[PDB]
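# Notes for the structure review
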Amino acid sequence: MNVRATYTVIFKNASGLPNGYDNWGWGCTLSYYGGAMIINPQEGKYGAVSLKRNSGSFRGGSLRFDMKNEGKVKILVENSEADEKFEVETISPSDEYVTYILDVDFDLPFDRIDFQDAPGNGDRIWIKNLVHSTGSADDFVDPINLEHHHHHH
Ligand SMILES: OC[C@H]1O[C@@H](O[C@H]2[C@H](O)[C@@H](O)[C@H](O[C@H]3[C@H](O)[C@@H](O)[C@H](O[C@H]4[C@H](O)[C@@H](O)[C@H](O[C@H]5[C@H](O)[C@@H](O)[C@H](O[C@H]6[C@H](O)[C@@H](O)[C@@H](O)O[C@@H]6CO)O[C@@H]5CO)O[C@@H]4CO)O[C@@H]3CO)O[C@@H]2CO)[C@H](O)[C@@H](O)[C@@H]1O
Ligand SMILES: [Co+2]
């Protein structure tokens, strides 16, 4: 048996929603520039992007992404069949991109990945380089595709 993780690059540079995903989000408008998904939540809506994998689910593992964000951002996953949600982490503000690699300890499969404006104050959120691994955060190695190019030596 192959014990290495499956890495799913959901998007690197975003110029729209990733192929294979719908947005079941709420209370926001999304724009795309400079390879970032830019979320502008509406004041008072506790808005979110909710990326819905149209075919299949993820299980456990970890989520990796670059984010900058004016306010706290709650990361959730959901199982749409059971309508069950799980808070992965709430991330504090940062005025520069930070790479996060977060364990997902939820014990149902998930088909929705949510980035939510936790304070409901309309703080903007920028996301790039979103990847799921079936392995742990401690075992996570960035996919070669995330490099600006890759010319193998
Ligand atoms: O169209 C495609 C598809 O749609 C299907 O229907 C989907 C729909 O598209 C989708 O949008 C919807 O998504 C749900 C999601 O499943 C829920 O988990 C989510 O729940 C939100 C909730 O809406 C928010 O109100 C709540 O907000 C919290 C906030 O997280 C928290 O930080 C805050 O606390 C405050 C507190 O209130 C203050 O007093 C003070 O203490 O400050 C704190 C912190 O600020 O409070 C907020 C308010 O309570 O967050 C939760 C969790 O994220 O809701 C969304 C939207 O409804 O899901 C449906 C499926 O059910 C169709 O079914 C399908 O046919 C169609 O094809
Ligand atoms: Co190589």
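Residues numbered from 1 in each chain as written, not as in the entry; some residues may be left out. Chains lettered and ligands numbered in written order. Heavy atoms only, no water.

### Some thoughts on the site of ligand 1
Rules: Whether a residue is near a molecule or strand is decided by its heavy atoms; if any one of them lies within 4 Å of it, the residue is near. Counting of polar contacts relies on pairs of N or O atoms within 3.5 Å, with two restrictions inside protein: one atom must be capable of donating a hydrogen and the other of accepting it, and residues adjacent in sequence are counted only when both atoms are side-chain atoms. Only the protein chains shown count as cover for residues, and all accessible areas are computed by the Shrake-Rupley method using a 1.4 Å probe. Only DSSP runs of H or I reaching four residues or more are called helices, and only runs of E reaching two or more are called strands; each is numbered from the N terminus.
Around ligand 1, the neighbouring residues are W24, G25, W26, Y46, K74, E78, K85, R112, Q116, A118 and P119. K74 places a side-chain nitrogen or oxygen 2.9 Å from an oxygen atom of ligand 1. Out of a free accessible area of 1200 Å², ligand 1 has 42% covered by protein chains. Elements that contribute at least two residues to the shell around ligand 1 include exactly strand 7 (73-79) and strand 10 (112-117).

### Topic: unusual backbone geometry
With phi around 45°, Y46 is a residue other than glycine that occupies positive phi space. In this structure, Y46 sits in the loop between strand 4 (36-41) and strand 5 (48-53). Of note, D83 is a non-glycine position whose phi angle comes to about 50°, a positive value. With respect to the element layout, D83 can be found in the loop between strand 7 and strand 8 (84-91).

### Topic: the packing of aromatic side chains
Aromatic ring pairs are described here by two measures, namely the spacing of the ring centres and the angle between the planes. Condition: Classification of ring pairs uses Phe, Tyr and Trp, with its six-membered ring standing for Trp, and accepts pairs whose centres are within 6.5 Å; under 30 degrees between planes counts as stacked, over 60 as edge-to-face, and the remaining range as tilted. The buried label goes to any residue with under 20% of its type's maximum accessible area, the exposed label to any with over 50%, and the partly exposed label to all in between, with areas taken from a 1.4 Å probe on protein chains only. A positively charged side chain is recorded as over a ring if its NZ (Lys) or CZ (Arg) lies within 6 Å of the ring centre. The angle to the ring normal must also be within 35 degrees.
Using the criterion set out here, one finds five aromatic pairs in the structure. Ring centres of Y7 and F140 lie 5.1 Å apart, and the angle between their planes is 75°; this geometry places the pair in the edge-to-face category. Highlighted residues: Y7 in strand 1 (residues 7-11) and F140 in the segment after strand 11 (125-133), separated in sequence by 133 residues. Pairing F65 with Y100 gives two aromatic rings, centres 5.6 Å apart and planes at 35°, and the pair type is tilted. In this pair, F65 is assigned in strand 6 (residues 62-69) and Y100 in strand 9 (residues 94-103), connecting sequence segments 35 residues apart. Given a relative accessible area of 0%, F65 falls into the buried group. Above the plane of the ring of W24 lies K52, whose end atom (NZ or CZ) is 5.4 Å from the centre. Across the ring face of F58, the terminal group of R53 is positioned such that the distance to the ring centre comes to 5.1 Å.

### Overview of the pairing of strand 3 (residues 28-33)
Under the convention used in this document: Paired strands are those between which DSSP finds at least two bridges.
Sheet analysis places strand 3 next to strand 4, joined by six bridges and oriented antiparallel. What sits directly across from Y33, in strand 4, is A36. Connecting the antiparallel pair strand 3 and strand 4 is a turn made up of two residues, with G34 showing a positive phi of about 65°.

### Some details on the nonpolar core
Keep this limit in mind: Among the buried residues, those of types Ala, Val, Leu, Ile, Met, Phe, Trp, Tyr and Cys that are joined through side-chain atoms within 4.5 Å form a nonpolar core. Working rule for contacts: check all heavy atoms of both residues, and any pair within 4.5 Å makes them a contact.
Counting 28 residues, the largest nonpolar core has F65 and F115 as the members making the most contacts within it. If near-sequence neighbours (up to four positions away) are discounted, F115 is found in contact with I39, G47, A48, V49, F65, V73, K74, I75, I127 and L130.

### A closer look at the coordination of the cobalt ion (ligand 2)
Note on metal geometry: ideal angles are 109.5 degrees for four donors arranged tetrahedrally and 90 or 180 degrees for six donors arranged octahedrally. Selection rule: Note on donors: an N, O or S atom is included if it sits within 2.8 Å of the metal, or within 3.2 Å for Na, K and Ca, and water is never included, so sites can look incomplete.
Donor atoms from the polypeptide that coordinate the cobalt ion (ligand 2) comprise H150 (NE2) and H152 (ND1), at 2.0 to 2.1 Å from the metal. For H152, a relative accessible area of 62% gives the class exposed.

### As for a negative patch on the surface
Defined as follows: Here, patches come from residues exposed beyond 30% relative accessible area and free of salt bridges, joined within 9 Å for like charges and within 5 Å for nonpolar side chains (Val, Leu, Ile, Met, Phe, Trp, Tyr). In the sections that follow, a salt bridge refers to a side-chain nitrogen of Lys or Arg positioned within 4 Å of a carboxyl oxygen of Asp or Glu. When charges are counted, neither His nor the chain ends are considered; positive counts come from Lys and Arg and negative counts from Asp and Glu. Each charge is placed at NZ for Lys, CZ for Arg, CG for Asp and CD for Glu.
Taken together, the side chains of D103, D105, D138 and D139 define an acidic patch exposed on the protein surface. Relative to the assigned elements, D139 resides in the segment after strand 11. Residue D139 is classed as exposed on the basis of its relative accessible area of 59%.

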